[PDB]
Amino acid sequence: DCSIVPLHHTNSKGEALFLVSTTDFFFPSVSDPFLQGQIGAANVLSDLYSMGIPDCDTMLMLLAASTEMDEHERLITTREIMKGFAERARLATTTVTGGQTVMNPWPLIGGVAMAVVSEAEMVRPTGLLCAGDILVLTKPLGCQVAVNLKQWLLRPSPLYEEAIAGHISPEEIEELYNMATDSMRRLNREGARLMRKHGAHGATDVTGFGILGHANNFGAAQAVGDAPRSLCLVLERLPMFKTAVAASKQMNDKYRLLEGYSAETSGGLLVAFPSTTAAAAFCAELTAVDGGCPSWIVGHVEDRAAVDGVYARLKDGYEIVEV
């Protein structure tokens, strides 16, 4: 979800230009600060990528530096976050050209991403979605579980000893956490670049509301305003980190992963296509150019019957695709 603003300028051919901007933030764990920065930047860019815009013109970095650390610790942490944020901006072929850092009792890492585009250079997230369309997800789910288990290694909770220790090893937790953070810092840029090519009908990114929450918002957005559609996103199968699923079952689905509401940070794109043929071709080209990272067809869009505010559903007995 971005802001899309018509400008009082056209391009060289007299075509309308638009300023597309987005902002986001995340609360980092006590962890590798360079990595925090990378995830912070990928999270900001993710929203722009969901508009089918692979080229970001510039970024602003917004950072809250914690008053808890001593000067030495705070200085190196801030420096490393900045470096990691900038490293992802370089990978995105953009630059960080401004922003601000403030002292604050709680840390925060976020920013703003902006692109100036013509209509031909984006894919609008409303107005294209139809019943029958096929849904694909470009990153696996379960990062909230991953981050919390890793946290418990350095600063344990009673739940860790009660339900986790002895059943899921520090090595399996290390591997889950590495898979999750590797996935989180990855850009959705290649996905954005391929959306138009395969006739995508729009996308949303998956962040703090979980797969089902963001699916719901994507569906609900089609019901505003002047030319509404009444649609329901049906999730039939979902890619989830295997160890995150195992951990969830040991903790009575504490983080609501299996319910569809577990928070992701810098999650994947949930993209719609007009057919399975189109969706499969997008997935095939995406894995081939983006380092062999799989994507998954996860369901379809149907006509909405229905309960107020409900525009997405998890199918009863949906398939879990263990990753």
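Note that residue numbering begins at 1 and tracks the sequence as displayed.
3-11 and 312-320 differ in mean CA B-factor, and the higher of the two is recorded for 312-320.
Averaged over their C-alpha atoms, the temperature factors of 105-113 and 193-201 are higher for 105-113. The PDB entry assigns the greatest CA B-factor among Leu19, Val301, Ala306, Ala16 to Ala306. The entry lists C-alpha B-factors for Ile164, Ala92, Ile134, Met240, and the highest of these is at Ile164. The entry lists a Cα temperature factor for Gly40 that places it in the lowest third of the chain's modelled residues. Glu73: CA B factor in the highest third of modelled residues in this chain (values from the PDB entry).
Remark: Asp32 belongs to the highest third of its chain, ranked by C-alpha B-factor as recorded. Among the modelled residues of the chain, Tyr255 sits in the highest third by CA temperature factor in this PDB entry. When the modelled residues of the chain are ordered by C-alpha B-factor, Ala227 sits in the highest third.
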